[PDB]
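> One structure is given below, represented as structure tokens, and several questions about it will come after.
Here the Cβ positions follow ideal geometry from the backbone for every residue, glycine too, while neighbour counts run over all protein chains shown. Just so it is clear, none of the values below were taken in a lab; they were calculated from the coordinates.
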Amino acid sequence: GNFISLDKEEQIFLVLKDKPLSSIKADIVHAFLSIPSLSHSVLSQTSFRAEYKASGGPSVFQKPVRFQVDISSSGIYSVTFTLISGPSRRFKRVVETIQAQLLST
């Protein structure tokens, strides 16, 4: 029972030891839905994009968070959260919410 969470810069990784790929896909999509103001799109059988609109604002400096999620195998699995645009700090809270669903078994 390993999960490992690496908050590198503008990329956050999650490494998972015994969770099947279907279950990871399910958990991520559940999380996308559950977060309100977050809409997503399917980029491929194992990657996603996502826009978190709530951090936006009237100003050009209040931008929504756009990020990408990629799942990769070796086995063991990794989920990469990659920031495309928007505030770094609200990126981490969205990603945290997402990793949280990814721990439930």
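> Looking at segment 23-49, which of its residues are among the hydroxyl-bearing types (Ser, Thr, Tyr), assigned to a helix (DSSP H, G or I) and surrounded by 14 or more Cβ atoms within 10 Å (Cβ to Cβ)?
Scanning segment 23-49 gives a single hit, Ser23.
> Output the number of residues of segment 1-22 satisfying the condition of being assigned to a strand (DSSP E or B), farther than 13 Å from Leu103 by Cα and aliphatic (A, V, I, L, M).
The total comes to 2.
> Please specify each residue of segment 75-96 satisfying the condition of being in a helix (DSSP H, G or I) and surrounded by fewer than 15 Cβ atoms within 10 Å (Cβ to Cβ). Before the answer, list the steps.
Within segment 75-96, the subset in a helix (DSSP H, G or I) is 88-96.
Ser88, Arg89, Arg93, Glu96 - these are the residues of segment 75-96 that are in a helix (DSSP H, G or I) and surrounded by fewer than 15 Cβ atoms within 10 Å (Cβ to Cβ).
> Residues being farther than 15 Å from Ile4 by Cβ and in contact with a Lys or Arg (Cβ under 8 Å, 6 or more places away or on another chain): count how many of those fall in segment 84-105.
5
> Then there is this: What are the pairs with Cβ atoms under 6 angstrom where one residue, in segment 84-105, is more than 16 Å from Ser37 (Cβ to Cβ) and the other, located anywhere, is of a type outside the set (S, T, N, Q) and assigned to a helix (DSSP H, G or I)? Sequence gap at least six, or different chains.
Taking only residues 6 or more apart or on different chains, the pairs are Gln101/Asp27; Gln101/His30; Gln101/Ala31; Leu102/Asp27.
> Considering segment 50-65 alone, what residues qualify as being part of a loop (DSSP other than H, G, I, E, B) and of a type in the set (A, V, I, L, M)? Before you say what the answer is, go through the steps one by one.
At the first step, the residues of segment 50-65 found to be part of a loop (DSSP other than H, G, I, E, B) are 56-64.
Hit for segment 50-65 is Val60, nothing else.
> Do we have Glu9 as touching a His at 6+ places or on another chain (Cβ under 8 Å) and acidic (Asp, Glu) here?
So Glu9 fails the test.
> So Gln68 fits all but one of (1) part of a helix (DSSP H, G or I); (2) within 18 Å of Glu96 (Cα to Cα); (3) among the polar types (S, T, N, Q); what number is the exception?
(1)
> Cβ-Cβ under 6 Å, sequence separation 6+ or interchain: first residue in segment 13-29 and farther than 9 Å from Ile76 by Cβ, partner in a helix (DSSP H, G or I). Which pairs?
Cβ pairs passing all conditions: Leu14/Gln99; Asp27/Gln101; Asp27/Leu102.
> For segment 4-23, which positions are in contact with a strand residue (DSSP E or B) (Cβ under 6 Å, 6 or more places away or on another chain) and within 18 Å of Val94 (Cβ to Cβ)?
Result: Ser5, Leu6, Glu10, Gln11, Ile12, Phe13, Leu14.
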